[PDB]
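# An overview of the molecular structure
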Amino acid sequence: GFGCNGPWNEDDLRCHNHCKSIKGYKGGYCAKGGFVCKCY
């Protein structure tokens, strides 16, 4: 989700923008299955 639609269309930036909008995290990337924007 969040820009990232999976391995065919991953989006480090959209995930990043989502995760950096959440206090505590700084980044986000397609982790689980290549779909889920995991926030770090």
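Going by the header, the method for this PDB entry is solution NMR.

As recorded in the PDB entry, the protein goes by the name PLECTASIN DERIVATIVE NZ2114, listed as coming from Pseudoplectania nigrella. According to the record, the entry carries the title "Solution structure of plectasin derivative NZ2114".

## A look at unusual backbone geometry
Even without being a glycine, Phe2 presents a positive backbone phi close to 50 degrees. Here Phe2 lies in the segment before α1 (12–19).

## A short note on the side chain of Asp11
Within the secondary structure, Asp11 is located in the segment before α1. Of the residues examined, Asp11 reaches a relative accessible area of 15% and is grouped as buried. In this structure the side chain of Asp11 is engaged in a polar contact, spanning 3.0 Å, whose partner is the backbone nitrogen of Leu13. If near-sequence neighbours (up to four positions away) are discounted, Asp11 is found in contact with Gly3, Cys4 and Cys30.

Rules used in this analysis
Residues numbered from 1 in each chain as written, not as in the entry; some residues may be left out. Heavy atoms only, no water. Helix = DSSP H or I, 4+ residues; strand = E, 2+ residues; numbered from the N terminus. Buried < 20%, exposed > 50% of the residue type's maximum accessible area, 1.4 Å probe, protein only. Polar contact = N/O pair within 3.5 Å; in protein donor to acceptor, adjacent residues only side chain to side chain. Contact = heavy atoms within 4.5 Å.

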